[PDB]
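Colleague: have a look at this fold, sequence not included:
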RNA sequence: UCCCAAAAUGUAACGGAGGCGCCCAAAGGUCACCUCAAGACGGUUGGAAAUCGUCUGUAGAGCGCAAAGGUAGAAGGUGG
RNA sequence: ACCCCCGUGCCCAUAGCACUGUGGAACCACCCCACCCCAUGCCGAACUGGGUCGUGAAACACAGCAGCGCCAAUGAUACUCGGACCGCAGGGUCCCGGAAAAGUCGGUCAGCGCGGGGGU
Ligand SMILES: [Mg+2]
Ligand SMILES: [Mg+2]
Ligand SMILES: [Mg+2]
Ligand SMILES: [Mg+2]
Ligand code: NA
Ligand code: NA
């Protein structure tokens, strides 16, 4: 289940394209954190259980419901109160959810053309712009509560953008040519 | 040290058998019921000691 | 408002080269300016007091962290 | 002229000049020979006369903003505390301090502006030229 | 500037027309004491971009360059002056002022030519060849035209010091 | 990250203690269990596991402890105070401890 | 609690500002454990702040309230 | 005795960052596995348990580099003890000693111990 094509179909296609004198200097995937919005303009205690359950079946890992940053401005802000969800994916489950995403996530999306090819995180990282949640193989509108938007961020061990883009692409990521 | 109808109430100290007063200012705000503690009088020491009167 | 007033005190009580005793108070402060050194204990209001007899020695490592110590005579 | 938000009140005291060069932001300047207080309205007057004299230019530099609130006597009596919260602001000026500087106009065209402003100042002053180059 | 005595007590200096000055480089740091008039006549010309012959009482001609002057307040007459004995290759960075020649094409139109920075400090002035002035074109300017140090011709063998995008001269609008 | 180690240094008093500190460096597979004097920046016994290990790198946990205590006998050590770093007093480090507590 | 107070302490006025007459069964004891504010880049109910992530960051935060002193090896935050 | 590595102190920026080079099984790190002791209010990232390969890329160590930080003269001045004066006053001067800050020259990217280990 993956991992093999992770190495065989990535590393070797780097010293023949770029020029790495070390296999450890080969860009890797550190982790995939997933943030989930909740509250602010929609303060519902029932809405908590919603994502609290969904997120826990798409990634097979209980998520932490982070609070506020202890800042009160002029609008609707408080001190301490659940207003966000962190879902870190590092390890085997990272690779699992990942594969589930490259294989069933992106390909199965209405009005799908690809993702912005321009270099995002100029530090060696890459961010995704996922919105609607009704494009996953785990998300069944036939048994939920409502429809929200989840955010997936890619964290890798790449030094440059030129060395990140290639990693993403080889692994599994279509672009808008 | 004003004492009025407001919150918190200066609570006494008692013991099973023993006879000792810790004298501790409590409060009825949040948890106010389980005022059970442990304070060794001038007996054998180490005894079931609550400040709930 | 010309109202309110506070006498206050504070300061160093036992200067350098001064032969103290076990119990004497050294310096009175509000925070951690002069930090407790060797043979120098620290009260609750950050007060420094001696543990034995000796000569009050001062120590300044370029501001920031002051230290006072005691070197016995005998 | 007046500050935009401070504390309220203040004190009073004069020591020797501190931060006033000779030639800063322009060619010609005007300095104090006497230690005093400069009301903001005095400044305004100066600035304005200088404007009259210099139809077009706008190269009048005034770096002596008034940062000193002075109290005042309500009516009479003396029973009561800090009086006159807002009367006027001042700009302490010590000999050596550059109050005004202008550039672009000739020699004769500076003696005039300066000479005029000078008849609005509570202390003698003088005009100088370029010759000093401290820090840049 | 014929230098004479050079004590440490200003007792026989304040009364007479003498001004207290010093000089150094990296070796000796012996304090001097030059004439008032001599300096007030010489510093007027060479200023801070030109050395002058400094003969000490006895037969010691030592070449130096003016660095920092500490003029007196309430008066126009200086009171202290700092000298720097020029080496040969790479001494200290010298400050060169900015003049202006030729009538601009924006001064006629209605605007005025305004030098934002009079003095401009550069890097490695180069001994024996110190820029005593600096000629910067002004006519190419119009209204709102900004001229930085990337636009100033180099006196050959001189590199800039300040940021490349700093406004030296600018023609302001009227009123 | 480097805070843990320094929470145990300042924590263990050096002066008022009068006792000897015993540090341990087990961030890898090569402990030192050095022994240092309170006041004097010297070193008394101090064990060493780099001198042979018999193909072992986890078992020797108990060894270098025992060894250590034994070594301490040849100098005259009775009171020891233990100063680890980012080590939450679990397995290996605890072995070193017990071995050097009942062997001395 | 600052300032006045003039570098020990102290020091007046119907001088200049702002607080208290509480609160916390945990905000205590102890033992472990975590590191802030802020900005930039990039992301979905946002498009100012925030939720996330990656950098920078002697702390420009925090410490129940007023203020000063003090605190990054904690007197910041949690759990048994 | 030479060097080096690892650990731990004095010292707690003149010993700090950035840029760059060197190091490859003696040591250090990443990495691999990780049902259990133990654990991250979620994730064995970090704590942790058991150890190969590979690599030294990153981190760490050392070395070059002083662009920026940090430290920081001489000379002079500000202020001032004491002594003696001036103006209606805000204020200011003289003598005699002490003596800044800032800026400039310049200075250096440490120095000094203990223990263990592996090499010539
Ligand atoms: Mg006075
Ligand atoms: Mg006082
Ligand atoms: Mg006094
Ligand atoms: Mg009195
Ligand atoms: Na006097
Ligand atoms: Na003097």
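Modeller: Here it is on my side, so go on. Numbers count the residues shown, from 1 in each chain, chains lettered A, B, ... in the order given. Ligands and ions are numbered 1, 2, ... in the order given.
Colleague: tell me the secondary structure for the residue most central in space within chain F?
Modeller: With distances taken as C-alpha atoms, centre = their mean, the residue of chain F nearest its centroid is residue F:33 (3.5 Å). Here residue F:33 is recorded as coil under DSSP: H, G, I helix; E, B strand; the rest coil.
Colleague: name the residue of chain A that lies nearest to chain E.
Modeller: Per C-beta to the nearest C-beta, the residue of chain A with the smallest distance to chain E is residue A:122, at 23.6 Å. Yep, even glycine has a C-beta here, placed from its N, CA and C like the rest.
Colleague: skip the chain neighbours and tell me the closest residue to that residue.
Modeller: Closest residue to residue A:122 apart from its sequence neighbours, by C-beta to C-beta, 6 or more residues apart in numbering or on different chains: residue A:161 at 5.8 Å.
Colleague: neighbours of that neighbour, how many?
Modeller: A count of neighbours around residue A:161, defined by other C-beta atoms under 10 Å in any protein chain shown, yields 17.
Colleague: nearest spatial neighbour of residue 112, chain-adjacent residues omitted?
Modeller: Since you didn't name a chain, this refers to chain A. Spatial nearest neighbour of residue A:112, excluding adjacent residues (C-beta to C-beta, 6+ apart): residue A:106 at 6.9 Å.
Colleague: if you could check chain D rather than the one you did, that'd help
Modeller: In space, and not counting its chain neighbours, residue D:112 is closest to residue D:53: 5.9 Å by C-beta to C-beta, 6+ apart.
Colleague: find the nearest non-adjacent residue to the residue nearest to the centre of chain F, please.
Modeller: Among residues not flanking residue F:33 along the chain, residue F:47 sits closest, at 4.6 Å (C-beta to C-beta, 6+ apart).
Colleague: and stretch E:87-98, how far from the chain's centre?
Modeller: Centre-to-centre, stretch E:87-98 and its host chain are 10 Å apart (C-alpha atoms, centre = their mean, to the nearest Å).
Colleague: for chain E, which residue gets nearest to RNA strand G?
Modeller: At 20.3 Å from RNA strand G, residue E:165 is the closest residue in chain E, using C-beta to the nearest atom of the strand.
Colleague: residues touching that residue, list them.
Modeller: E:148, E:150 (C-beta atoms under 8 Å, 6 or more residues apart in numbering or on different chains).
Colleague: name the residues that touch stretch A:43-55?
Modeller: Residues outside stretch A:43-55 that contact it (C-beta under 8 Å, 6+ apart): A:34, A:36, A:38-39, A:63, A:65, A:76, A:82, A:85, A:87, A:133, A:138-139, A:144-146, A:148, A:150.
Colleague: in it, what's buried?
Modeller: A:50, A:51, A:52, A:54, A:55 (16 or more other C-beta atoms under 10 Å in any protein chain shown).
Colleague: in chain E, which spans are helices?
Modeller: All helices of chain E, identified by DSSP state H, fall at E:36-46.
Colleague: quick one: contacts of stretch A:126-146?
Modeller: For stretch A:126-146, contacts defined as C-beta under 8 Å, 6+ apart pick out A:46-47, A:49-50, A:54, A:57-58, A:100, A:104-105, A:108-110, A:115-116, A:120-121, A:147-154, A:156, A:164-165, A:168.
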